[PDB]
Structure formats: structure tokens, C-alpha cells
Amino acid sequence: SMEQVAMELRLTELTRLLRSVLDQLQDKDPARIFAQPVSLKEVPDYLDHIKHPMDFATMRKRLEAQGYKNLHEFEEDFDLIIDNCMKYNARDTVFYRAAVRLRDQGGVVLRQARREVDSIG
């Protein structure tokens, strides 16, 4: 139908916007701490601690399959990256500290993203 096409164009345009959001958030991780999945070869107990691992590569795969229906779903995955790290790693670690800085800096980006998603519909 024509409606299904229009809906698909909306999803494509959201995917465009979320790709720009993802690029901007990933720039706030210059150390690349959150770039890839925590390695289960290198952290073999990880899934005993963290039930829903997340990382920027995994989000990018979901994004490119147009698998984010709305900004809430995308924010859920970004919050998992931060929240997973802040539980597994102690406060005095470069990992925890990187997550705090990513959360703080990403907030600004996500605030305007929400306005754009609402504004453009």
C-alpha cells in the first residue's frame, strides 16, 4: 500500500537521524571503551554479572537493519552500555569513569534528538 510505503519512509528517516545521533555519542568515547562487545574469551564470567550486554557495534547492526522503531528503543540500548559498565566496574576504574563521561556528554545530544524526533514527527 501507499500507507506502508509512507511508514517505511518515516522509519528510514528516523534511521538517518539515529545514525547521526549514534555518531555523535560514539565521538564522546574517544578511548573506544564501548566500541565492541565485552569479550567472553577475556571476561569469561561476564554473563553471570550482566544479563543484557550492549556496545556501539551491536547498536549499529540493529540500526542498519532499521531495527529501532522509535528513539526510546535506541536510548534503552545506549543506557545499557552505560549501566552495564557502571555495575561491572568499580568507581575507581577508567571504565566506570568513561561511562560517567559518556552519560553526561551524551545527555546533551539526546535532549535535542528528542526535540527533533517530535518536531519532524
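In its metadata, the entry names X-ray crystallography as the structure determination method and reports 1.4800 Å as the resolution.

The name given to the protein chain in the PDB entry is Bromodomain-containing protein 1, and the organism recorded there is Homo sapiens.

Visitor: Lay out helix α5 (residues 94-120) in plain terms, naming residues and giving numbers.
Guide: Its 27 residues give α5 an end-to-end C-alpha distance of 38 Å, which sits within 8% of 39 Å, the value for a rise of 1.5 Å per residue. The axis of α5 is deflected most strongly, by about 30°, at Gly107. Directly beyond the C-terminal end of α5, a positive phi value near 85° is found at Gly121.

Visitor: Break down the packing of aromatic side chains for me, with residues and values.
Guide: As enumerated under the stated definition, the model contains three aromatic pairs in all. Considering the side-chain rings of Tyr46 and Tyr88, the 5.2 Å spacing of their centres and the 70° angle between planes classify their relative orientation as edge-to-face. Of the two residues, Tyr46 is situated in helix α2 (residues 46-49) and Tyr88 in helix α4 (residues 71-88); the sequence distance between them amounts to 42 residues. Of the residues examined, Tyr46 reaches a relative accessible area of 6% and is grouped as buried. Overall, the relative accessible area of 30% leaves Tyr88 in the partly exposed class. When the centroid spacing of 6.5 Å and the interplanar angle of 25° are considered together, the rings of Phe56 and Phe78 count as stacked. Residue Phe56 is located in helix α3 (residues 56-64), and its partner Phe78 is located in helix α4; the two are separated by 22 residues in the primary sequence. On the accessibility criterion, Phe56 (1% relative accessible area) is buried. For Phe78, a relative accessible area of 2% corresponds to the buried category.

Visitor: Would you mind going over the side chain of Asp55 in detail, with residue names and values included?
Guide: Its location among the elements puts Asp55 in the loop between α2 and α3. Looking at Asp55, its side chain comes within polar contact range of the side chain of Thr58, at 2.5 Å. Excluding residues that lie within four positions of it along the chain, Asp55 makes contacts with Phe34, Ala35, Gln36, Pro37 and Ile81.

The rules behind these values
Residues numbered from 1 in each chain as written, not as in the entry; some residues may be left out. Heavy atoms only, no water. Residues with missing side-chain atoms left out of burial classes, pairs and counts. Helix = DSSP H or I, 4+ residues; strand = E, 2+ residues; numbered from the N terminus. Expected span 1.5 Å × (residues − 1). Bend = angle between axes of the 7 residues up to and from the residue. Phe/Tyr/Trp six-rings, centres within 6.5 Å; stacked < 30°, edge-to-face > 60°. Buried < 20%, exposed > 50% of the residue type's maximum accessible area, 1.4 Å probe, protein only. Polar contact = N/O pair within 3.5 Å; in protein donor to acceptor, adjacent residues only side chain to side chain. Contact = heavy atoms within 4.5 Å.

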